[PDB]
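Colleague: Please find the sequence and an experimentally derived structure below.
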Amino acid sequence: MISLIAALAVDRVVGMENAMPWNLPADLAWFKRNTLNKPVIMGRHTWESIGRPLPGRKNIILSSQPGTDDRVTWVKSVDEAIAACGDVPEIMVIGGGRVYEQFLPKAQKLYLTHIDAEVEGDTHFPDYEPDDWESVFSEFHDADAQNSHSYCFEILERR
Ligand SMILES: NC(=O)c1ccc[n+]([C@@H]2O[C@H](COP(=O)([O-])OP(=O)(O)OC[C@H]3O[C@@H](n4cnc5c(N)ncnc54)[C@H](OP(=O)(O)O)[C@@H]3O)[C@@H](O)[C@H]2O)c1
Ligand SMILES: Nc1nc(=O)c2nc(CNc3ccc(C(=O)N[C@@H](CCC(=O)O)C(=O)O)cc3)cnc2[nH]1
């Protein structure tokens with residue numbers, strides 16, 4: 001199946017011009033846990049943000065131009081991205097906004113982190129129609145000495 005993973009501020013905000021104004025190591029650990037040993041599909045702006053290949057995962061970058069880094073795989077369409085993943089139990093779509101919108105209609109699972117933060121952003125997670133999604137796991141954590149904001153992990157499945 002296809003899954004999306006994202007961290008959402010209030011108002012579904014996922015990105016802005018610069019890095020997001022939060023320090024959330026427990027969320028990063030969650031991201032790493034849920035993506036290791038799976039292929040990850042991302043857009044070019046997300047690739048540039050991350051700044052390097054994510055280790056232990058097949059990295060697939062969407063761009064309409066030829067690749068500029070021979071360490072990862074570069075594709076020019078949603079279908080080509082999916083084919084490049086091969087025969088796996090779970091493909092992870094890791095953003096950003098333009099990519100999440102394209103893959104949400106194909107997805108069977110969402111891994112969301114809801115962060116209690118107000119951030120004016122320019123990039124949003126797509127609207128996910130309630131009738132089409134069921135929540136299967138939730139876990140709340142408060143802000144603390146190592147995490148700047150409170151964070152609630154959720155996993156939803158399509159219905
Ligand atoms: N809080 C979070 O979870 C989270 C997660 C991921 C990303 N983000 C943030 O999201 C922002 C990036 O989102 P974004 O929407 O600006 O960019 P994006 O989705 O990372 O990348 C967009 C680029 O991807 C390529 N692309 C996408 N779909 C394509 C298709 N069907 N065919 C060919 N190429 C395709 C295009 O590259 P070309 O222009 O080369 O054609 C396009 O300009 C960043 O600020 C990042 O930090 C936040
Ligand atoms: N829940 C979640 N949180 C995120 O921060 C997030 N970020 C993206 C896009 N950006 C990034 C930026 C950096 C790293 C990164 O460096 N990850 C490391 C672990 C970080 C650590 O150990 O400190 C990795 O190996 O996954 C991942 C995704 C996509 N979905 C997400 N989803």
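Modeller: Thanks, I have it. Residues are numbered from 1 along each chain as shown. Ligands and ions are numbered 1, 2, ... in the order given.

Colleague: can you list the residues of this structure near ligand 2?
Modeller: For the chain, the contact set with ligand 2 under C-beta under 6 Å from any ligand atom comprises 5-7, 27-28, 30-32, 46, 49-50, 54, 94-95, 113. Where you see a C-beta, it was placed from the backbone N, CA and C, and this is true even at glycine.

Colleague: run the last query once more with 8 Å
Modeller: 5-7, 14, 20, 24-25, 27-32, 34-36, 42, 46, 49-52, 54-57, 94-96, 111-113 (C-beta under 8 Å from any ligand atom).

Colleague: Of the residues you listed, just the buried ones, ChimeraX syntax please.
Modeller: Selection of buried members from the residues of the chain next to ligand 2 for ChimeraX, criterion 16 or more other C-beta atoms under 10 Å:
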select :5,6,7,14,20,24,27,30,31,34,35,42,46,54,57,94,95,96,111,112,113
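
Colleague: and the residues of the chain next to ligand 2, which of them are in helices?
Modeller: By the criterion of DSSP state H, membership of the residues of the chain next to ligand 2 in helices covers 25, 27-32, 34-35, 46, 49-50.

Colleague: where along the protein do the strands fall?
Modeller: 2-8, 13-15, 40-43, 59-62, 73-75, 91-93, 109-115, 123-124, 133-141, 151-158 (DSSP state E).
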